[PDB]
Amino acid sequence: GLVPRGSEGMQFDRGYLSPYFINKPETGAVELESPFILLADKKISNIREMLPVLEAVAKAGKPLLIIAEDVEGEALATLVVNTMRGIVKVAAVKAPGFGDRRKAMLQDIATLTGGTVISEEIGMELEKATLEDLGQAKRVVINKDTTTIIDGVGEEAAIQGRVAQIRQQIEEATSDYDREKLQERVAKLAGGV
């Protein structure tokens, strides 16, 4: 059952939330080098809530990938205007999966990238997020349908610890469907290292 080639990135089935994030027009892709990654468990729409961390990323001069339940309204439009005007290099995508599996996969991505989920479930405020809460990866490639995160910076021990947690859930699972969904998360994590 050997997989015959190495890691080529953690990929998930959500693509860009605006075609204006494309920066490789010939292929229709967004390619960001050494981006920060903002991870949030809710829909982002209020521009005042999103500004602090966007200003911090602009000041750092690095691209930003935002993975949130959705990014819409005034916040989405402000990202679009600033990207088109060349002020910031940003892209936003929906977090993958549904219900409690969406929360678990967003933490999978956090652990891979050394980020911290901004979770309103536990009272965290996006307005107060800082560069230390952002994950990082060597590169992110986004197209209409998918997002790939290559070489997340998370410590190896933490990534293995998460995998070990998922393996324990696989052992305790009571169906093939549930086991296969857990195994898919392990394959995704292995792909991002």
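Just so we're on the same page, rigid core means the largest C-alpha set that superposes within 1.5 Å between forms. Numbers for residues come from their place in the sequence shown, where the first is 1.
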Core-superposed in 4 other deposited structures of this protein, which stretch deviates more in Cα positions, 70 to 78 or 97 to 105? 70 to 78
Between 49 to 57 and 164 to 172, which has the larger RMS C-alpha deviation from this form in 4 other deposited structures of this protein after core superposition? 49 to 57
Mean Cα B-factor comparison, 38 to 46 or 58 to 66, giving the higher one as deposited: 58 to 66
Which is higher on average in the deposited entry, the C-alpha temperature factors of 112 to 120 or of 82 to 90? 82 to 90
Looking at the C-alpha B-factor values in the deposited entry, which of 53, 134, 163, 32 comes out highest? 53
Test of reading the entry: by CA B factor among the chain's modelled residues, which third contains residue 168? highest
Using the B-factor values recorded in the entry, state whether the Cα atom of residue 174 falls in the lowest, middle or highest third among the modelled residues of its chain. highest
How does the C-alpha B factor of residue 143 compare with the rest of the chain: lowest, middle or highest third? middle
Compared with the other modelled residues in the chain, in which third is the CA B-factor of residue 190? middle
